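Engineer: sequence, then structure. It's an experimental one.
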Amino acid sequence: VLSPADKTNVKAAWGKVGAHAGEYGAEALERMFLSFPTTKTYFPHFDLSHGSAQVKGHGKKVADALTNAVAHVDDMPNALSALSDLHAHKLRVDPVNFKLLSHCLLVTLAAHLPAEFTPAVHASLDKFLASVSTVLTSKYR
Amino acid sequence: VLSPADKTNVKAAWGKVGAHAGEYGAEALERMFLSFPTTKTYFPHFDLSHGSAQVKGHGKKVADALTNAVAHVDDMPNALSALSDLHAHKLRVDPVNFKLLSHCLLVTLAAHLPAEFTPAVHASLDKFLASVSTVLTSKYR
Amino acid sequence: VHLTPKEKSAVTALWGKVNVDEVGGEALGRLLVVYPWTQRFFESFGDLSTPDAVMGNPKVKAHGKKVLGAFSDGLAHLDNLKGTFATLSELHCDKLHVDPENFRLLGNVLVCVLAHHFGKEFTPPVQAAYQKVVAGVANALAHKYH
Amino acid sequence: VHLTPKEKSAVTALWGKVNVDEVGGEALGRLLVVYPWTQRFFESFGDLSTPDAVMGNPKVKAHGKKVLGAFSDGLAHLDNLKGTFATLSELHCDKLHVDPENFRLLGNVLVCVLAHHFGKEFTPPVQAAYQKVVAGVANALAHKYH
Ligand code: HEM
Ligand code: HEM
Ligand code: HEM
Ligand code: HEM
């Protein structure tokens, strides 16, 4: 579970992303594929080369989902209910792959926002991403 | 998170433990200490030998807390609030050690109640123990 | 893995009483039920919708007998687990792309199945011995990731 | 760890620009803030109550310098990581009893610190190279558990 200080830090850090959403989500996706090549098997139908239009398109979807998760932070299981059924039941994604994308999202956020990425904010974003991962791995038959 | 069928199987399986709670908890703890020697360092003031009064005394406490968790399954963060503070803030227990005790609890449940340890109940109990583990590892400063 | 001589005895004594036709199929079966994401690796196996359908599936029992055969193969070669599982490490890592965390989960489900089958006989020191084995099998199968 | 020749060059080129006095202390510092349970291993270090106190702690910075020195020692000996971390594996495993999962966490926090310090320069293929390094160091430091 989170904290009122965690929520403040996540809203503020992700607020300085804004228009740069699709570049950041795509960069996080690209960082994931090159670092952990096992994750590439969930996307065979995607052109995974540098500057790919599908990776850039999906990166936007990933980032918009994380924005919706920050919005409804107190009611995350309901807001990402469709996304949970998609990742858990349909695609059957391994829970470890979420820890790997979450890490890449933190590396991306560190590489782009050095003023926002304080140790306190690092702690908050890790907890947020871990909470999102928990919800997307939840499978209720 | 859990399911209404998961809650039914957890209440049914744990209901056959009843009086044997302390024995099962103590056995679960002993299985953990012997299989994963790293967990012993959390109890340096305890006699860790077989048939120890302390391991028998603490097993009762762990089992009773799990019995209280089965009772307040719909509101576990509020029920084990004192325990969350203890395990995360004060004792500072590594989340991995919970996966290990959770496993040992399942091995104990398998070795004592084979009529109740059906594949569906194995799944239910794993998700219950993972939920109790999430609560006890949640640290709100 | 450093197994004590008394632990090597306890293992083989318990393993000789293992039902080779059922146990392995139960391990793989419960892996697919308890951890549903593992089913994506077995799309060609058929009906895996309900727990009873997973356990009653002929392809699961048959493949499970081979997994148990690989664990028996590892119990005869405790000194060289890397070489015993070298071929299987290439399959699970380079071809199939299974996360090494799942190897550890199957090993733990095997320990749960051995507990379900033997009861009191699967005493705490016997479990401790089996945990060293299943952890050794996991690391050996995960060598192509190192 | 199988590092590509182009990846080996990218690592050393980036590592020569690393602030040896601050970076290591920031890695350990963040490990203690992001993952609080790691603080139980450092009871003798002093004030670790607030994030600023962890980062501003002299004992954390000084010890972090030694951790960074161990990473540098591993970058010069990529072919034999087991032997380079053999003594440190005995300390972290047999004496201190640190869970091997924490080694990976510190490596991933180091990657986050290198990203914070270099920005755009810590390009995706450079991260991929460092992920191979920090995973090799973690696995080498976790040898006494195998
Ligand atoms: C940080 C957590 C993640 C978020 C926010 C996220 C978000 C999304 C979103 C928004 C979609 C699009 C669904 C739609 O079009 O309706 C999606 C699809 C998908 N996700 Fe994720 N995802 C996450 C993690 C992962 C991970 C860890 C993997 C696996 C490596 C993954 C694999 C997929 C796949 C395979 C699809 C593709 C569907 C398509 O082709 O459109 N996702 N994800
Ligand atoms: C399945 C989850 C667990 C439950 C329900 C549980 C329950 C408890 C309970 C009821 C107490 C007693 C608090 C009191 O005296 O008022 C406690 C204390 C403690 N727990 Fe746990 N625990 C769990 C897991 C763990 C794990 C995994 C470890 C570490 C290996 C751990 C380490 C401790 C320690 C060190 C104490 C003893 C404090 C004392 O000496 O009084 N616990 N736990
Ligand atoms: C703990 C270690 C494990 C052992 C000893 C084991 C053993 C085996 C064996 C003996 C084979 C067949 C080799 C052949 O005849 O070609 C195999 C195949 C396979 N294993 Fe495993 N396995 C293990 C873990 C896993 C896990 C945990 C997964 C799944 C998440 C997995 C997925 C597969 C798949 C997909 C195949 C191919 C089946 C086919 O032929 O269609 N294995 N494994
Ligand atoms: C993979 C990264 C790691 C490396 C390379 C590393 C390296 C070191 C080094 C160089 C020493 C000091 C050796 C000496 O001069 O005696 C040391 C000590 C220690 N390390 Fe690590 N370490 C790592 C991970 C960890 C982790 C993740 C933890 C804890 C969660 C940890 C806890 C400690 C402790 C408690 C000491 C003793 C400090 C003292 O002397 O008071 N280390 N480590």
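Structural biologist: Yes, it's here. Residues are numbered from 1 along each chain as shown, chains lettered A, B, ... in the order given. Ligands and ions are numbered 1, 2, ... in the order given.

Engineer: show me which residues of chain A sit near chain C.
Structural biologist: Counting by Cβ under 8 Å from any Cβ of the partner chain, chain A comes close to chain C at A:38, A:41, A:88, A:89, A:91, A:92, A:93, A:94, A:95, A:96, A:97, A:139. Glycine gets a C-beta too; all of them are placed from N, C-alpha and C.

Engineer: ok, 10 Å please
Structural biologist: By Cβ under 10 Å from any Cβ of the partner chain, the part of chain A that sits against chain C consists of A:36-42, A:87-97, A:99-100, A:137, A:139, A:141.

Engineer: next step: these restricted to helices.
Structural biologist: Under the assignment DSSP state H, the residues of chain A next to chain C contribute A:96, A:97, A:99, A:100 to helices.

Engineer: could I get the phi/psi values of whatever residue of chain A ends up closest to ligand 3?
Structural biologist: Nearest residue of chain A to ligand 3: residue A:94, at 8.6 Å (Cβ to the nearest ligand atom). Here is the backbone geometry of residue A:94 (degrees, to the nearest 10): phi -70, psi 130.

Engineer: number of nearby residues for it?
Structural biologist: Residue A:94 sits with 22 neighbouring residues when counted by other Cβ atoms under 10 Å in any protein chain shown.

Engineer: just residue C:19 next, same as before
Structural biologist: 11.

Engineer: which non-adjacent residue is nearest it?
Structural biologist: Spatial nearest neighbour of residue C:19, chain neighbours left out: residue C:117 (7.4 Å); criterion: Cβ to Cβ, 6 or more residues apart in numbering or on different chains.

Engineer: in the helix or strand where that neighbour lies, what's buried?
Structural biologist: Assigned by DSSP states H and E, residue C:117 belongs to helix C:101-118. Neighbour-count burial for helix C:101-118, counted by 16 or more other Cβ atoms under 10 Å in any protein chain shown, picks out C:102-118.

Engineer: just to check, the residue of chain A closest to ligand 3 is in contact with residue C:102?
Structural biologist: Yes. With contact defined as Cβ atoms under 10 Å, residue A:94 reaches residue C:102; the gap is 7.3 Å.

Engineer: between those two, what contacts are shared?
Structural biologist: Counting by Cβ atoms under 10 Å, 6 or more residues apart in numbering or on different chains, the shared contacts of residue A:94 and residue C:102 are C:35, C:37, C:38, C:41.

Engineer: burial measure for the nearest residue to the second one once chain neighbours are set aside, as a count.
Structural biologist: In space, not counting the residues next to it along the chain, residue C:37 is nearest to residue A:92; the distance is 4.7 Å by Cβ to Cβ, 6+ apart. When counting by other Cβ under 10 Å, one arrives at 16 neighbours for residue A:92.

Engineer: re earlier: are any of the ones in helices among the residues of chain A next to chain C buried, and if so which?
Structural biologist: Buried by 16+ other Cβ under 10 Å: A:96, A:97, A:100, out of these.

Engineer: what number of residues lie near residue 14?
Structural biologist: As the question left the chain open, I've gone with chain A. Residue A:14, neighbours per other Cβ under 10 Å, totals 22.

Engineer: ah, I was thinking of chain C
Structural biologist: Neighbour count of residue C:14, defined by other Cβ under 10 Å: 18.

Engineer: so it sits right up against residue C:119, yeah?
Structural biologist: No. Counting by Cβ under 10 Å, no contact exists between residue C:14 and residue C:119, whose distance comes to 11.7 Å.

Engineer: farthest pair within the ones in helices among the residues of chain A next to chain C?
Structural biologist: Largest separation among those by Cβ to Cβ: A:97 and A:99, giving 7.4 Å.

Engineer: so which bits of chain C are right by chain D?
Structural biologist: C:1, C:2, C:81, C:135, C:136, C:139, C:140, C:142, C:145, C:146.

Engineer: list the contacts of the residue lying closest to the second one once chain neighbours are set aside.
Structural biologist: In this case it means residue C:2. Leaving aside its chain neighbours, residue C:2 sits nearest to residue C:132 (7.4 Å; criterion: Cβ to Cβ, 6+ apart). By Cβ under 10 Å, 6+ apart, the contact set of residue C:132 is B:35, C:1, C:2, C:3, C:4, C:7, C:11, C:78.

Engineer: most surrounded residue in those?
Structural biologist: Greatest neighbour count in the contacts of residue C:132, by other Cβ under 10 Å, goes to residue B:35: 22 neighbours.

Engineer: I figured that residue hits residue C:122, correct?
Structural biologist: No. The pair residue B:35 / residue C:122 is not scored as a contact, 12.0 Å apart, by Cβ under 10 Å.

Engineer: what is the neighbour count of residue A:109?
Structural biologist: Using other Cβ under 10 Å, residue A:109 has 26 neighbouring residues.

Engineer: would CSV of the residues of chain C next to chain D with distance to ligand 1 and secondary structure be doable?
Structural biologist: CSV is the format used below for those (distance: Cβ to the nearest ligand atom, whole Å; DSSP: H, G, I helix; E, B strand; the rest coil):
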residue, distance to ligand 1, secondary structure
C:1, 32, coil
C:2, 36, coil
C:81, 30, helix
C:135, 26, helix
C:136, 29, helix
C:139, 24, helix
C:140, 26, helix
C:142, 19, coil
C:145, 16, helix
C:146, 22, coil
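
Engineer: please, a PyMOL command that selects the buried ones among these?
Structural biologist: This is how PyMOL selects the buried members of the residues of chain C next to chain D, with burial counted by 16+ other Cβ under 10 Å:
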select buried, chain C and resi 1+81+135+136+139+140+142+145+146
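
Engineer: correct me if wrong: residue C:55 contacts residue B:118.
Structural biologist: Yes. Contact criterion Cβ under 10 Å: residue C:55 and residue B:118 qualify, at 9.2 Å.

Engineer: what is in contact with these two at once?
Structural biologist: The contact sets of residue C:55 and residue B:118 overlap at C:30, C:33 (Cβ under 10 Å, 6+ apart).

Engineer: for the most centrally placed residue in chain C, which non-adjacent residue is closest in space?
Structural biologist: Among the residues of chain C, residue C:107 comes closest to the average C-alpha position under Cα atoms, centre = their mean, at 4.6 Å. Closest residue in space to residue C:107, ignoring its immediate chain neighbours: residue C:134 at 3.1 Å, by Cβ to Cβ, 6+ apart.
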